[PDB]
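Experimental structure and sequence below, a few questions after.
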Amino acid sequence: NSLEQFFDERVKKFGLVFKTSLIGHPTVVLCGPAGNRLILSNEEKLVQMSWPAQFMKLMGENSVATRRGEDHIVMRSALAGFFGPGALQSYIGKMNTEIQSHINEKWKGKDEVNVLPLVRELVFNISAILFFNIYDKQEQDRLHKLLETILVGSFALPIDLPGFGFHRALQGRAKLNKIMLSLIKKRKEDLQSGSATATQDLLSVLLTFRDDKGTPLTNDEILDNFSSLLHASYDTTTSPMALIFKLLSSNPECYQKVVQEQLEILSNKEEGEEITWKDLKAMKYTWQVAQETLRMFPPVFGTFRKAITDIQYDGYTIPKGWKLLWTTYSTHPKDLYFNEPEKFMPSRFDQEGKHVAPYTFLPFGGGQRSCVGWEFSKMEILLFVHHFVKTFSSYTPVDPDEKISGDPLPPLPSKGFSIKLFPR
Ligand code: HEM
Ligand SMILES: CC1=CCC[C@]2(C)CCC3=C(C)CC[C@H](C[C@@H]12)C3(C)C
């Protein structure tokens with residue numbers, strides 16, 4: 001297909017339930033909220049997660065994404081020990097500290113900056129500290145470059161031959177796995193030496209995890225999970241953080257309301273008092289602007305599933321071994337579900353999204369395959385906007401007619417969103 005070229009390629013020639021051939025598999029795209037409910041609500045019952053083989057070889061077969069059945073449930077339980085709302089509140093300080101440092105170091109004293117490069121650095125560095133407690137900038141830059149190489153092979157042709165992108169990506173995964181295996185060895189030692197806590201980061205959470213039978217996670221499962229996690233954490237959270245101020249510039253009224261919400265929160269805090277989980281909950285309108293950005297520019301257009309049994313959706317029957325694709329482009333860009341879909345209206349998510357119809361806004365999927373790091377991303381997006389507004393009274397886009405594009409899946413500012421900075 002050509003996502004980087006066009007999106008929303010529908011076929012009035014067929015019903016919302018239209019069959020097609022995708023990645024050499026008969027795939028029926030179930031367009032519409034009901035098709036979304038069918039695919040996302042019936043997991044391990046009528047359908048099962050199916051990733052293309054190319055991705056299976058890049059992130060491994062021992063991740064929560066590549067595992068199905070009880071194992072996937074166990075792997076999600078271990079991850080809930082870090083991404084669960086209760087635990088996630090224990091990492092706000094480190095995340096807030098990094099975002100504040102990044103803004104003060106690379107943004108505060110700059111007349112003009114390119115957002116994309118800075119957002120990618122902050123997003124990855126936050127993962128390096130929360131996943132492996134790695135603060136060494138050079139080590140962070142090393143692993144950042146290694147992930148960039150492996151990410152190039154995910155969209156390239158799956159040719160495992162010398163001098164090919166997919167081949168070099170597989171070489172990067174082997175290197176990253178060796179580095180991560182070393183981190184696992186050192187962490188186990190630090191834990192026995194009392195040099196590391198069991199909740200300081202995701203590595204300790206995964207190592208410290210035991211099944212109801214008391215069986216621990218294997219090193220390969222920890223490596224594959226960390227790889228699948230690094231893939232779902234970088235180019236995803238980067239899309240909204242780089243596009244939020246681009247859309248807020250085209251809708252200054254919305255930016256005004258965000259600044260009003262942020263400065264009000266600060267007016268109720270002492271000097272030196274750090275942002276709190278309660279402060280984050282007070283950023284309701286800021287979160288509505290983020291959801292409006294995700295609706296208009298979904299970092300993930302949709303995912304595929306495998307028919308684990310014959311399916312009788314509507315009148316047509318989806319036989320076992322068939323593929324099923326759902327798309328945010330069946331509801332997000334539809335006036336039927338979102339009035340004036342081309343218009344940026346954070347008001348669409350007023351009252352905590354109490355007016356959003358079911359299976360219409362699915363930026364983080366739904367069911368048992370829903371995003372594991374959605375609130376982790378929301379925390380970063382809110383803390384990022386907070387520190388920006390706290391530091392800058394205003395900002396001016398260098399090219400207000402800058403376009404949005406993807407190479408090929410992550411929608412991002414076509415030129416990095418260069419902006420003039422006006423420090424408070
Ligand atoms: C640190 C950041 C993130 C992490 C660690 C993360 C991790 C994950 C994990 C573990 C899953 C479940 C995979 C499975 O078991 O099948 C998932 C699903 C998903 N994530 Fe993320 N994610 C992150 C950020 C994002 C962002 C920013 C978006 C969108 C803007 C996103 C969109 C999704 C979607 C749509 C799904 C479900 C896809 C489907 O099954 O239909 N994620 N993510
Ligand atoms: C959501 C999800 C969580 C981690 C596992 C997945 C399968 C890795 C492959 C991918 C990413 C690099 C980021 C996002 C989706 C899916 C990923 C696509 C296919 C682009």
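Perfect, thanks for sending it. Numbers count the residues shown, from 1 in each chain. Ligands and ions are numbered 1, 2, ... in the order given.

got the contact list for residue 18?
11, 28, 29, 31 (CB atoms under 8 Å, 6 or more residues apart in numbering). For every residue, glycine as well, the C-beta is placed using N, CA and C.

Give me every residue in the protein lying close to ligand 2.
Taking CB under 6 Å from any ligand atom as the measure of proximity, the chain contacts ligand 2 at 51, 55, 59, 65, 154, 228, 231, 232, 236, 300, 409.

Out of those residues, name the ones that lie in helices.
Of the residues of the chain next to ligand 2, the ones assigned to helices by DSSP state H are 55, 59, 154, 228, 231, 232, 236.

Indicate the residue of the stretch 1-150 of the chain located nearest to ligand 2.
residue 65 (3.9 Å; CB to the nearest ligand atom).

give the contact list for the spatially closest residue to that residue that is not a sequence neighbour.
Distances taken as CB to CB, 6 or more residues apart in numbering place residue 228 nearest to residue 65, at 4.6 Å, with adjacent residues excluded. Shown in contact with residue 228 (CB under 8 Å, 6+ apart): 59, 60, 63, 64, 65, 66.

what's around the third one, how many residues?
Which is residue 63. Counted by other CB atoms under 10 Å, the residues lying close to residue 63 total 24.

so what's it closest to, chain neighbours aside?
Residue 63 sits nearest to residue 228 (CB to CB, 6+ apart), 3.5 Å away.

So residue 129 is in contact with residue 96, correct?
No - with contact defined as CB atoms under 8 Å, residue 129 does not count as touching residue 96 (11.6 Å).

Among these two, which residue is more densely surrounded?
Using other CB under 10 Å, the more surrounded residue of residue 129 and residue 96 is residue 96, with 20 against 17.

Return the residues in contact with the more buried one.
Contacts of residue 96 by CB under 8 Å, 6+ apart are 274, 275, 383.

Show the buried residues in these.
Buried subset of the contacts of residue 96 (neighbour count, 16 or more other CB atoms under 10 Å): 275, 383.

Tabulate the contacts of residue 96 (a markdown table), appending secondary structure and distance to residue 3.
Listed next are these as a markdown table, based on DSSP: H, G, I helix; E, B strand; the rest coil; distance: CB to CB, whole Å:
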| residue | secondary structure | distance to residue 3 |
| --- | --- | --- |
| 274 | coil | 40 |
| 275 | coil | 36 |
| 383 | helix | 30 |
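
now the contacts of residue 96 in TSV, with distance to ligand 1?
Below are those laid out as TSV (distance: CB to the nearest ligand atom, whole Å):
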residue	distance to ligand 1
274	21
275	19
383	14
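
quick one: which of the contacts of residue 96 is nearest ligand 2?
residue 383 (21.8 Å).

isn't the closest one right up against residue 279?
No - with contacts counted by CB under 8 Å, residue 383 stays clear of residue 279, the gap being 9.3 Å.

can you put the ones in helices among the residues of the chain next to ligand 2 in a markdown table and add distance to ligand 1?
Below are these laid out as a markdown table (distance: CB to the nearest ligand atom, whole Å):
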| residue | distance to ligand 1 |
| --- | --- |
| 55 | 11 |
| 59 | 10 |
| 154 | 14 |
| 228 | 7 |
| 231 | 8 |
| 232 | 3 |
| 236 | 3 |
